[PDB]
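So this block is start34.txt, compact mmCIF, C-alpha atoms:
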# COMPACT_ATOMS: atom_id res chain seq x y z
CA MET A 1 0.00 0.00 0.00
CA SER A 2 2.63 2.50 1.15
CA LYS A 3 5.23 3.74 -1.34
CA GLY A 4 8.15 6.18 -1.34
CA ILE A 5 11.20 7.24 -3.35
CA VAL A 6 14.54 5.46 -3.12
CA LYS A 7 17.34 7.78 -1.99
CA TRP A 8 19.89 5.44 -3.59
CA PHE A 9 19.99 1.77 -4.64
CA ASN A 10 23.20 -0.25 -5.03
CA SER A 11 22.80 -3.89 -6.07
CA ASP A 12 26.60 -4.36 -5.91
CA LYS A 13 26.40 -3.69 -2.17
CA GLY A 14 23.12 -5.67 -2.12
CA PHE A 15 21.14 -2.90 -0.37
CA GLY A 16 19.93 0.70 -0.47
CA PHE A 17 18.09 3.38 1.50
CA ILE A 18 14.62 4.75 0.78
CA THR A 19 13.12 8.14 1.57
CA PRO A 20 9.49 7.76 2.95
CA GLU A 21 6.93 9.82 1.05
CA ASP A 22 5.25 10.85 4.33
CA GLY A 23 8.61 12.34 5.41
CA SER A 24 9.46 9.50 7.83
CA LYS A 25 13.05 8.41 8.52
CA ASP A 26 14.86 6.37 5.86
CA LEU A 27 14.18 2.62 5.87
CA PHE A 28 16.55 -0.25 5.05
CA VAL A 29 15.78 -2.02 1.77
CA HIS A 30 17.56 -5.10 0.34
CA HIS A 31 17.76 -6.22 -3.30
CA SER A 32 16.87 -9.84 -2.44
CA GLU A 33 13.77 -8.61 -0.54
CA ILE A 34 12.06 -7.34 -3.74
CA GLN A 35 8.72 -8.88 -4.73
CA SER A 36 8.00 -8.99 -8.47
CA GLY A 37 7.18 -11.63 -11.09
CA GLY A 38 9.80 -10.19 -13.46
CA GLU A 39 13.48 -10.95 -12.83
CA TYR A 40 14.77 -7.85 -14.69
CA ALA A 41 13.59 -5.35 -12.05
CA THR A 42 16.22 -2.66 -11.42
CA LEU A 43 16.66 0.15 -8.88
CA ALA A 44 18.77 3.34 -8.78
CA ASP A 45 18.82 6.85 -7.21
CA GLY A 46 15.26 8.23 -7.05
CA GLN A 47 13.57 4.97 -8.17
CA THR A 48 9.92 4.93 -7.04
CA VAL A 49 8.85 1.74 -5.24
CA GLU A 50 6.05 0.30 -3.12
CA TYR A 51 6.80 -1.16 0.32
CA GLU A 52 5.42 -2.11 3.72
CA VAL A 53 6.87 -0.72 6.96
CA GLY A 54 7.41 -3.45 9.58
CA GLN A 55 8.88 -2.68 13.00
CA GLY A 56 12.04 -4.51 14.06
CA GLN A 57 14.49 -4.72 16.95
CA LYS A 58 16.83 -2.21 15.31
CA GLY A 59 13.88 -0.31 13.80
CA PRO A 60 11.28 -0.55 10.92
CA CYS A 61 12.22 -1.98 7.51
CA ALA A 62 10.71 -2.00 4.01
CA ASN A 63 9.57 -5.26 2.37
CA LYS A 64 7.85 -6.29 -0.88
CA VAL A 65 9.65 -3.75 -3.08
CA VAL A 66 7.73 -3.22 -6.33
CA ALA A 67 9.15 -1.02 -9.11
CA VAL A 68 6.80 1.71 -10.36
Once more with this new file: its structure as structure tokens, please.
Amino acid sequence: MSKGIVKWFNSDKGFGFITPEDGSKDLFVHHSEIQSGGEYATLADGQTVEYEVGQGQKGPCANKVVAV
């Protein structure tokens, strides 16, 4: 449901940081955590994606990354 804009995505590192649309603090996003039928999905700096915020011990994370 929720969706924001990726501050920067680096597949080489295997992770990136996203900037919440609502203005919330950046959330950790991993390449392997993406959820899409296609295997050619790519991400970069400013890439718009859809994600769910789920609290964690270190803090909330973003899962089910869908390219849009």
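Between residue 28 in chain A and the candidates A:1, A:43, A:66, A:58, the tightest atom-to-atom separation, counting all atoms listed in the file, involves A:58.
Here CA of residue 27 in chain A stands at a distance of 13.8 Å from CA of residue 48 in chain A.
Of the listed residues A:36, A:46, A:11, A:2, the one whose atoms come nearest to residue 24 in chain A is A:2, with distances taken using all atoms listed in the file.
Distance annotation: of A:35, A:47, A:63, A:55, the residue with the minimal separation from residue 19 in chain A is A:47; atom set is all atoms listed in the file.
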Open item on the list: Under the rule that all atoms listed in the file are counted, which of A:54, A:62, A:44, A:32 is the nearest residue to residue 6 in chain A?
Closed with: A:44
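For residue 20 in chain A, the list of residues within 10 Å, based on only C-alpha atoms and with local chain neighbours fewer than 2 positions off taken out, reads residues 2, 3, 4, 5, 6, 7, 17, 18, 22, 23, 24, 25, 26, 27, 51, 53 and 62 of chain A.
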Using 8 Å of padding on each side, determine the axis-aligned box around all atoms of range 42-55 of chain A present in the file and give its centre and edge lengths in Å to one decimal, as JSON.
{"center_x": 12.1, "center_y": 2.4, "center_z": 0.8, "size_x": 29.4, "size_y": 27.7, "size_z": 40.4}
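Taking CA of residue 50 in chain A and CA of residue 64 in chain A as endpoints, the distance between them is 7.2 Å.
Put simply, CA of residue 38 in chain A is 26.3 Å away from CA of residue 60 in chain A.
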